[PDB]
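Asks:
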Amino acid sequence: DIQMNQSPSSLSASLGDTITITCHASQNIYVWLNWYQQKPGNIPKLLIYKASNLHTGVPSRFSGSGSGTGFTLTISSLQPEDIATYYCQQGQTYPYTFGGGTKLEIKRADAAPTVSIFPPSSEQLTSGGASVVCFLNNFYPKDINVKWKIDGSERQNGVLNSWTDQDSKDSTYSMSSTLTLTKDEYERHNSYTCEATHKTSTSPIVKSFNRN
Amino acid sequence: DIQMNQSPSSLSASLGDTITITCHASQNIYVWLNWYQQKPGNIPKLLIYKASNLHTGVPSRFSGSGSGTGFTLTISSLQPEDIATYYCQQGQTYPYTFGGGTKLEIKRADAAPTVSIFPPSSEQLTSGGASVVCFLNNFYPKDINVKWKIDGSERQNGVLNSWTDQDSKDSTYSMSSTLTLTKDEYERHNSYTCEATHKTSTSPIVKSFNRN
Amino acid sequence: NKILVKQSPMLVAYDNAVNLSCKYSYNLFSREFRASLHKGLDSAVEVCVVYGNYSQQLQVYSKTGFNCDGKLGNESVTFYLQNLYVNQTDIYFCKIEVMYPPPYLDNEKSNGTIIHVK
Amino acid sequence: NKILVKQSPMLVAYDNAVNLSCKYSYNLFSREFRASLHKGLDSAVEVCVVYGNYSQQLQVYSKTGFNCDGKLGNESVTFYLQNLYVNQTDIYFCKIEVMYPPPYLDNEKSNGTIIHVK
Amino acid sequence: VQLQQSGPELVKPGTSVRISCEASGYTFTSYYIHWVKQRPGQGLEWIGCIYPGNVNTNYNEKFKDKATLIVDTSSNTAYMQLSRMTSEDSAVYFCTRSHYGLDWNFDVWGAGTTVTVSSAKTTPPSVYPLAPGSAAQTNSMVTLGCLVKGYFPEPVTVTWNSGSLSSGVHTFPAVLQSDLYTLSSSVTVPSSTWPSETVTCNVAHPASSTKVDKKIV
Amino acid sequence: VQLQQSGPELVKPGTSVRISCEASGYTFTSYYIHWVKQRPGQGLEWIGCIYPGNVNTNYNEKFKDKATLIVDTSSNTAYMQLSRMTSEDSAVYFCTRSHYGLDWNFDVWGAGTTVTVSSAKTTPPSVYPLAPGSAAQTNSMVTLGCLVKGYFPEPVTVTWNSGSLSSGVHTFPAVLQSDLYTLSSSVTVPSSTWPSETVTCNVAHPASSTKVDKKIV
Ligand SMILES: *[C@@H]1O[C@H](CO)[C@@H](O)[C@H](O)[C@H]1NC(C)=O
Ligand SMILES: *[C@@H]1O[C@H](CO)[C@@H](O)[C@H](O)[C@H]1NC(C)=O
Ligand SMILES: *[C@@H]1O[C@H](CO)[C@@H](O)[C@H](O)[C@H]1NC(C)=O
Ligand SMILES: *[C@@H]1O[C@H](CO)[C@@H](O)[C@H](O)[C@H]1NC(C)=O
Ligand SMILES: *[C@@H]1O[C@H](CO)[C@@H](O)[C@H](O)[C@H]1NC(C)=O
Ligand SMILES: *[C@@H]1O[C@H](CO)[C@@H](O)[C@H](O)[C@H]1NC(C)=O
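Residue numbers (the entry's author numbering), protein chains in the order written: chain L, 1 to 212; chain L', 1 to 212; chain C, 1 to 118; chain C', 1 to 118; chain H, 2 to 218; chain H', 2 to 218. A prime marks a further copy of an entry chain.
1) Is the shortest distance between the beta-carbon of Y104 of chain C and the beta-carbons of chain H' less than 8 Å?
2) Can you list, in chain order, the residues of the segment 58-83 of chain C whose Cβ is nearer than 9 Å to any Cβ on chain H'?
3) Does ligand 3 have even one heavy atom less than 7 Å from the beta-carbon of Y104 of chain C'?
4) DSSP beta-bridge partners for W148 of chain L'?
5) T123 of chain H: buried (16+ other C-beta within 10 angstroms of its C-beta) or exposed?
6) Report yes or no: do three or more beta-carbon pairs, one from the segment 166-175 of chain H and one from the segment 108-119 of chain H, lie closer than 8 Å?
7) Please report the straight-line C-alpha distance between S127 of chain H' and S131 of chain L, rounded to a whole angstrom.
8) For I117 of chain L, tell me which candidate among L:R61, L:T178 and L:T69 has the shortest Cα-Cα distance.
9) Does the Cβ of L28 of chain C' have 16 or more other Cβ atoms within 10 Å, making it buried, or fewer, making it exposed?
10) Say whether chain H' places a C-beta atom closer than 8 Å to the C-beta of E32 of chain C.
11) Please check if any C-beta of chain C sits within less than 8 Å of the C-beta of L28 of chain C'.
12) With DSSP as the reference, please indicate the residues paired to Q6 of chain L' in a beta bridge.
13) Determine whether the beta carbon atoms of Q5 of chain H and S25 of chain H lie at a separation below 8 Å.
14) According to DSSP, is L125 of chain L' part of a helix, a strand, or is it coil?
15) Considering only their Cβ atoms, is the gap separating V47 of chain C from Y92 of chain C smaller than 8 Å?
16) Got a sec: does ligand 3 put a non-hydrogen atom nearer than 7 Å to the Cβ of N83 of chain C?
17) Within its chain, find whatever has a CB closer than 6 Å to the CB of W47 of chain H; leave out the 5 residues flanking it on each side and keep chain order.
18) Please confirm if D90 of chain C has its CB atom under 8 Å from at least one CB of chain C'.
19) Name, going along the chain, the residues of the segment 100-120 of chain L' whose beta-carbon falls closer than 9 Å to a beta-carbon of chain H.
20) I want to check one thing, is the minimum distance from the CB of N87 of chain C' to the heavy atoms of ligand 6 below 7 Å?
21) Note down the Cα distance separating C88 of chain L from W35 of chain L, rounded to an integer number of angstroms.
22) Have a look at the DSSP bridge pairing and note the partners of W163 of chain L.
23) Taking Cβ to Cβ, would you say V115 of chain L is nearer than 8 Å to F98 of chain L?
24) State the beta-bridge partners of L103 of chain H as determined by DSSP.
25) Cβ of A136 of chain H less than 8 Å from any chain L' Cβ?
26) If we define contact as Cβ-Cβ less than 8 Å, is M99 of chain C' a contact residue for chain H?
27) Which residue or residues does DSSP assign as beta-bridge partners of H38 of chain C?
28) Nearest CA to the CA of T117 of chain H': which residue from H':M81, H':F173, H':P14 and H':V2?
29) Could you tell me whether any non-hydrogen atom of ligand 2 is closer than 7 Å to the CB of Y54 of chain C?
30) When the cut-off is 8 Å and only beta carbons count, does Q89 of chain L' lie next to chain C'?
31) Closer than 8 Å, CB to CB, is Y54 of chain C near chain H' or not?
32) Specify the secondary structure class of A13 of chain C as computed by DSSP and reduced to three states.
33) Give me the Cα-Cα distance between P95 of chain L and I2 of chain L, rounded to the nearest whole angstrom.
34) Looking at residue 1 of chain H: is its Cβ nearer than 8 Å to the Cβ of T183 of chain H?
35) Would you mind telling me which residues of chain C sit closer than 8 Å to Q38 of chain L, beta carbon to beta carbon, in chain order?
36) What does the alpha-carbon distance come out to for the pair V93 of chain H and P41 of chain H?
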């Protein structure tokens, strides 16, 4: 079948920036190629159909052009609300084929992550376990390192992290880190520390708690 | 459909003469036209098929040529046996169509007609009738005039004639003339004369009979 | 049932263009329809598709790169093919389908029309 | 019964000539047959007729003015059409019939073959 | 490879007769059967053809209604139906064939079937012997004759001495007088042979199944 | 013009499940129903389409055997059968349509049906309340949380105070640890609101029909 080759596999731009994406087709699809928008964990919506034809309801900041083999999507005056991934699909020949998509990140002012540590809940310990959780919220850029320090020593065994997609509302990133130990080995140490280093600081943000 | 236009509607030639017939076609029949021979009161036989193709058994004195719209039949070294009528037919497009035919007469030495008169037969008179018959046989050319003279007067009422086709054996012509009267009016005259004038004589050939 | 289709047996393109008129066995007018022209004995390529829906202006189009134009007319549709190439000389088949009001209606494969582009 | 006929969907004439091969659903060989090529959607004109009869050399011919040549081959016949005119560009249909030994056998109307004479 | 045709038939103006033609000596289903009519004195014209096998037929538009071509693959017979006849139907109809594959011409013809469409009466002939008086229109040899008057329809046959006499015989064409037919035949013989050896002429008229013999005395 | 899709389903490696998609708000027989699969983190690809009306269908050769498109003109339902499943079948399948006459694009999409093809066990989650110690990681305001450990399969839902709390909520994506799932959710609230006003997080796991409520004390 026909091959869809989107250009920027990813792209970061600031508020109001007029970015642009590209989609090249192996062969001639004429003007039968559509563009779609699909926000994080959301359903994909038609943006541009028939090369330059906008879909009812799509703002005019969205434009599209091309014919035959070359195609391009332009979004002028970027809005945080445009944080999403954009796919190009051809509607000329069966089987229909989409592109690889292009990710977008709206660049905002650097931010420090509000760190929060949380001890194992009473109800959990009752089950023989112990999960110390650490929250690192609303920060930018999305670069952040978390080290766990059981007392003074660093620990990496039993640590699971998770990152949320860029906040479409304030354009930040969040992360959670959970250190899961057993009730047994958790009770032999006293101080549990969650440490994070971010561009926002040359000094690590430390949050810790003792068995009191 | 297609039209067949044979040329000589008739033709007389001498023994050994190399005559020729023509057949023009309204439109293009290519090489699909055949020639046929049909002697007096006989069945027609294939002579030439496919323009120049002779049929098995036809002497080589018979030839044929032409294509498209013009066609011609040639018979060299004429034989009395060739006395007949010749038709051209096309076998290219339905409906098939033949020509008008061409009559042929093999010209031979002039001949005088042997005249013969014959009174009403006894058995006929018994029926109230009376037919005097006159034969004029084996003569050439086929031009001949017969007058009936009841006594001295000429009679034309009740006279029926008939001519045979040219003798394919000795190339002559024959004719019969019958004067049909009633027993009544036949018995009131005495001399019945049958008179014929032919190129062969400046003096009429007369044949007559009396009631004795 | 089955709609009927009567089309010219041949059409010689003049100036690399022609007019493909398809005579149908159907309607005075007003239904939702999709008319179609297909080229090839194996009817691969769909040259043009003139869509109609009661009123809403006739919406003609091509996914194959043909400069197609369509004109309606009761029981007929005419495909005005322009810029035809000499190598496009082939048998073209007309197709008609109704999608509303129901039920679905289709045409009995026509005898076709050979377009000779010189 | 019904003999089968498989023919090329298209044939572009080279030097105003082409080779019309007809693939049949029949015999190793030896029967009395009449093969036929017809031009036109209304199959009017019969372009060529290659006759066979067991042995007796294949007898090809045309009543329409075509420079036709025929070559046999088991379950196939090939019509070698020469001096074709550009205005002869059309759909040609192959036809096959057996007249002996009985019974009469005929072919099911083929999909045809568009001959594009440039 | 013979092509037998039906005997002459008389048809009353309005009716329909169906003549036949049976093949014999070749493969019936390997040839077309064409019918052509020849009006007295006129040329011949193509009526229609039929192909025993797939029973396909072809007609000339000049005989679309009358002519109806039928075939009989069992008796190798080809029938021709002429419906609604008129004096324009009176002519001799011929039978012939064409090769199916190589359909180029008609090489085998039937001997024909004369068809009269007259409502006249079938009448046997009255044969009258023609004998010479007291003269000699050709010395050293005599000419005798036979008058066949008032018969219908055609034809009659005229032999001389049961066919033993064939030389010097002239049977003149029949002339139609007041709806009936009259013909005569002449026979020339050596005066040394007659009246010593008896001479008779035989007259046959199948139309009325009459056979006569008249001796010249 | 809505496009309702079936709920998530768990399929054991080898079997065949048939998801659905019912149209409502337009003429079902005036549009094609296309199916496309989107693997987690990957782009989406076209499976096949079906046209309710003449029931004609079109498939992508990459799903010829599995995919079998069925239509239900009564309930305006379009079914998609995925037979013989593997971990390569695990992805979210979308439903969408294309205009039949003007077949240019897909403007209405279903919300999707996540499909897991794992033979693991369905287990309800163990919800654990996260409360702060004797510090303050953001003075004048607190951050509370909820730990949802050891559930299968996905998904679980996490509301705060029966949906009354929606601002300052961060539910982090589930990470799969040793065949099971663990997620956490954080909620930021004014220190003037807690601990005076009570806070609870709601955890729902349809897969095992378990609904839990944990209050942070
Ligand atoms: C086809 O029809 C159009 C009707 O607008 C006409 O203008 C044009 O000349 C026609 N083209 C030809 C000659 O094929
Ligand atoms: C067809 O006509 C109906 C009548 O209003 C309209 O609702 C529908 O959108 C039309 N189809 C299109 C896609 O133009
Ligand atoms: C038909 O002709 C066009 C016009 O030049 C040409 O571009 C195209 O390649 C040809 N068809 C093919 C081989 O696709
Ligand atoms: C057709 O076939 C003949 C076989 O003898 C060959 O010589 C000739 O080149 C062919 N003509 C073409 C190219 O169509
Ligand atoms: C076909 O073959 C047979 C076998 O001898 C022969 O009698 C017949 O004439 C042939 N057909 C023709 C017309 O060549
Ligand atoms: C087709 O072309 C030939 C070759 O010039 C020409 O003679 C003929 O008239 C054309 N076809 C027609 C109109 O019969």
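No residue lacks a Cβ here, since even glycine has one placed at the ideal position from N, Cα and C.
Replies: Taking the geometry as given:
1) Reading the third sequence from its first residue, position 104 is the one you call residue 104 of chain C. Judged by the 8 Å Cβ criterion, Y104 of chain C is in contact with chain H'.
2) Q59, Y61 and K63
3) Numbered from 1 along the fourth sequence, position 104 holds the residue referred to as residue 104 of chain C'. No; taking the cut-off as 7 Å, the Cβ of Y104 of chain C' has no heavy atom of ligand 3 nearer than that.
4) By one-based count along the second sequence, residue 148 of chain L' stands at place 148. Note: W148 of chain L' sits in a beta bridge opposite L':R155 and L':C194.
5) For the purposes of this step, residue 123 of chain H is taken as the residue at position 122 of the fifth sequence. Looking at its Cβ environment, which holds fewer than 16 other Cβ atoms inside 10 Å, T123 of chain H is exposed.
6) no
7) As a first step, residue 127 of chain H' is located in the sixth sequence; it is residue number 126 there, counting from the start. As a first step, residue 131 of chain L is located in the first sequence; it is residue number 131 there, counting from the start. Cα to Cα, the separation comes out at about 12 Å.
8) For the purposes of this step, residue 117 of chain L is identified with residue 117 of the first sequence, where counting begins at 1. Among L:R61, L:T178 and L:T69, the Cα nearest to that of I117 of chain L belongs to L:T178.
9) Counting from one through the fourth sequence, the residue named residue 28 of chain C' turns up at place 28. Looking at its Cβ environment, which holds fewer than 16 other Cβ atoms inside 10 Å, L28 of chain C' is exposed.
10) The count along the third sequence starts at 1 and reaches residue 32 of chain C at position 32. It does: the Cβ of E32 of chain C has a partner Cβ on chain H' nearer than 8 Å.
11) As a first step, residue 28 of chain C' must be located in the fourth sequence, where it is residue number 28. Chain C, which has no Cβ nearer than 8 Å to the Cβ of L28 of chain C', makes this no.
12) Along the second sequence, read from residue 1 onward, the residue named residue 6 of chain L' stands at position 6. Beta-bridge pairing links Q6 of chain L' to L':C23.
13) The residue given as residue 5 of chain H occupies position 4 in the fifth sequence. The residue given as residue 25 of chain H occupies position 24 in the fifth sequence. For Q5 of chain H and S25 of chain H, yes; Cβs fall inside 8 Å.
14) If you number the second sequence from 1, residue 125 of chain L' lands on position 125. Correct three-state label for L125 of chain L': helix.
15) Start at 1 with the first residue of the third sequence, and residue 92 of chain C comes out as number 92. Start at 1 with the first residue of the third sequence, and residue 47 of chain C comes out as number 47. Cβ distance < 8 Å, so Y92 of chain C and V47 of chain C count as in contact.
16) Against the third sequence, residue 83 of chain C aligns to sequence position 83. No, the Cβ of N83 of chain C stays beyond 7 Å of every heavy atom of ligand 3.
17) Position 46 of the fifth sequence, counted from the first residue, corresponds to residue 47 of chain H. Closer than 6 Å at the Cβ level, and outside the excluded window around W47 of chain H, lie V37 and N61.
18) Counting from one through the third sequence, the residue named residue 90 of chain C turns up at place 90. With 8 Å as the cut-off, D90 of chain C counts as an interface residue toward chain C'.
19) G100, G101, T114, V115, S116, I117, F118, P119 and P120
20) Stepping through the fourth sequence from its first residue, residue 87 of chain C' is reached at position 87. Answer for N87 of chain C': yes, Cβ within range of ligand 6.
21) On the first sequence, position 88 is the one that residue 88 of chain L refers to. On the first sequence, position 35 is the one that residue 35 of chain L refers to. Rounded to the nearest angstrom, the two C-alpha atoms are 5 Å apart.
22) Here residue 163 of chain L refers to the residue found at position 163 of the first sequence. Paired residue(s): L:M175.
23) Translated into positions along the first sequence, residue 115 of chain L becomes position 115. Translated into positions along the first sequence, residue 98 of chain L becomes position 98. No. Outside cutoff.
24) Walking along the fifth sequence from the start, residue 103 of chain H turns up at place 102. For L103 of chain H, which the question treats as bridged, DSSP gives no partner whatsoever.
25) The residue you call residue 136 of chain H lines up with position 135 of the fifth sequence. Taking Cβ atoms only, chain L' reaches closer than 8 Å to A136 of chain H, which makes this a yes.
26) Position 99 of the fourth sequence, counted from the start, is the residue given in the question as residue 99 of chain C'. Output row for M99 of chain C': interface = yes.
27) By 1-based counting over the third sequence, the position of residue 38 of chain C is 38. DSSP lists C:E46 and C:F93 as partners of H38 of chain C.
28) Counted from its first residue, the sixth sequence places residue 117 of chain H' at position 116. Among H':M81, H':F173, H':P14 and H':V2, the Cα nearest to that of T117 of chain H' belongs to H':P14.
29) Walking along the third sequence from the start, residue 54 of chain C turns up at place 54. Answer for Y54 of chain C: yes, Cβ within range of ligand 2.
30) Taking the second sequence and counting its residues from 1, one reaches residue 89 of chain L' at position 89. Answer no: the Cβ-Cβ gap between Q89 of chain L' and chain C' never drops below 8 Å.
31) Locating residue 54 of chain C in the third sequence gives position 54, where the first residue counts as 1. With 8 Å as the cut-off, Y54 of chain C does not count as an interface residue toward chain H'.
32) To locate residue 13 of chain C, count along the third sequence from 1; it is residue 13. Correct three-state label for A13 of chain C: coil.
33) For the purposes of this step, residue 95 of chain L is taken as residue 95 along the first sequence, with counting starting at 1. For the purposes of this step, residue 2 of chain L is taken as residue 2 along the first sequence, with counting starting at 1. C-alpha separation (whole angstroms): 8 Å.
34) Residue 1 of chain H is absent from the structure shown; chain H starts at 2 and stops at 218.
35) The residue you call residue 38 of chain L lines up with position 38 of the first sequence. Per Cβ cutoff of 8 Å: no residues; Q38 of chain L is ~25 Å from chain C at best.
36) One-based indexing of the fifth sequence puts residue 93 of chain H at position 92. One-based indexing of the fifth sequence puts residue 41 of chain H at position 40. Taking the straight line from one Cα to the other gives about 7 Å.
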